Structure formats: structure tokens, C-alpha cells
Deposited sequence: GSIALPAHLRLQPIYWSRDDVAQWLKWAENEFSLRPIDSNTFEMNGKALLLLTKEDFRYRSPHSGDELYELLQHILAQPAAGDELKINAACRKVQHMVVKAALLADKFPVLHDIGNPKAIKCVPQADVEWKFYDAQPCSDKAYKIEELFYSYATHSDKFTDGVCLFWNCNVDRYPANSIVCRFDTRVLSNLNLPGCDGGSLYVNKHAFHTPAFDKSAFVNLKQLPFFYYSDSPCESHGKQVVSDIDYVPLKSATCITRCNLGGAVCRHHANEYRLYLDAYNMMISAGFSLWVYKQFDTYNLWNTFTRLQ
């Protein structure tokens, strides 16, 4: 199963649907169908009726429809290493952006047992906390079990990071990833964005309001950032498809990221 097909079908692109047809043809010895028989993405494919499938593919449509129902009832397991890398990719993107946007002087990293910074180049005082620190890193980790009822009046400077540290309730100045609502009342959902300050380079166009790059100030994303945006979106989809959700302090504002780009 190609990697994209391990995502829930709602995340499948038009090219993913076409690769699904080819996989299904070989796995089930079906009559070859033109790759454009289902010229749509997975969101659209889920809207078709079984009749629609039969009309589009008289020879294999019913089978394809049932295959889709089985995939929907029994999601495929994702790869732990790819999901690890995806989550780390998102973590670095989101925390890097938050620090650039709001210039927090301190980050309180709660639930980090290894004392590894996700954004090592940030100009910020990084502080680590964990209820069970790794013995080889405890010398620089505060042994602490966070509970809102006990600590809501602490860590009010800077920003708190809870990256899969599933506490009872998060304080208002937090960045959160949680694997699957009262825990989140002080926060808002974090919508998808991509931010990059790497140099633009020119050697399918990308149209998207969520590509926060110097070259998208004028709507003409460079090839380099187009590529990096699509790779980042793939990581983000793999993480959301696997059941993680991202939450953030309510003042988080992507226009603060657009303002990092200046006109000289």
C-alpha cells in the first residue's frame, strides 16, 4: 500500500485516487481501467454512490466501492517511524512560528523527558519539566507533574509547550498537540499553516493563503517553497489522519508571521 493510501481516504489527492485504482487492479486481478476513470480527490470519491461506481467502471466499480467501504471500516496502520518524523516536523514548524510571532522570552517545555529543544536556534530561555525525566537528562529537567489545579498560577511568563503531554487542563499561554474538550477551554484550535524564512529559489504552481513565505506576498510561490509546502502538508496530514490535534493560545495570529517579511 503506497504511503498516501494509508491515510484516511478523505485526505487522498486526485493522484492518490489514481494510484489506488492501480493498486486495486493488481491486488484483485481486475480489468485495467483508465487512470482518469475517477478524476477527483478522495473527498469527492466518498460522495459517489455505488451506482456511480458501477457506471464509471462496469467491470470493476462494485468491487472498488466495496474495497473503499472496507478501507473506511478498517483503517490501515500507519508507520510509527514516519509518524514520529511527521510529528517532529510539525512540532518544529509550529513552535518556531510561535516564537517568531510573539517573541516569548521563556518557553516552559512540560512533558519533555529528554531535554531536547524542538527549535534549538530560537533566541529564548528554554526550560524543561517532566514527571519522569530520563535519568541521563534529569540533571537539567525539573521533576514535576503538571496539574492545572496546582500550577495554574505558575509558568505565566513566556509560553508553555505541551507536546503530547496530556494534562487535566492547559494554561492559556500554551502550545499543544494531543492524541485522541474541557482540557482545551483556555485555548483555540490551531489551523493549518506553513511558514518559512529560508531563501527563495526558482530551479505545478501553488495557490494557497496558508503558504506564509516571502514569495507568497505577491502570490507567486517559488519552486523551492512550493516543494517544501507540499512536503509539510503531507507530514501534517499524516499526523491529523492518525488522530492528533493541535491547539494554541488564543492570541496566536498568522499576520504576525507575515510581518516578519520586510520591504528592503
Residues of the deposited chain that carry no C-alpha coordinates are 1 to 4, 185 to 214, 238 to 247, 309
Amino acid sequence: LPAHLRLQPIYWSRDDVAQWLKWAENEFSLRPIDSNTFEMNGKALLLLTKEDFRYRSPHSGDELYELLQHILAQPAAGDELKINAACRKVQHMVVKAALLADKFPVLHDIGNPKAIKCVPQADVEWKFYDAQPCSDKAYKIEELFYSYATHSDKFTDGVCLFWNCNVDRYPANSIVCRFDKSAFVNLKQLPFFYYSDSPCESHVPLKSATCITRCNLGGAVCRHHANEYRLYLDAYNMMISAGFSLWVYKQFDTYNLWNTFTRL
From here on, numbers count along this sequence of modelled residues.
Please work out which of 164 to 172 and 73 to 81 has the higher mean CA B-factor as recorded in the PDB entry. 73 to 81
Averaging only over Cα atoms, indicate whether 123 to 131 or 149 to 157 has the higher B-factor in the PDB entry. 149 to 157
Sorting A235, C211, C215, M40 by Cα temperature factor from the record, which one lands on top? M40
Of the choices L64, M239, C200, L45, which one's C-alpha carries the largest B-factor in the record? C200
Comparing against every modelled residue in the chain, figure out the third that the C-alpha B-factor of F104 lands in (lowest, middle or highest). middle
Would you please rank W23 by its C-alpha temperature factor against the other modelled residues of its chain and give the third it falls in: lowest, middle or highest? highest
C-alpha B factor of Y55, ranked within the chain: lowest, middle or highest third? highest
CA B-factor ranking of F184, expressed as a third of its chain: middle
Which third, lowest, middle or highest, does the CA B-factor of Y11 fall in along this chain? highest
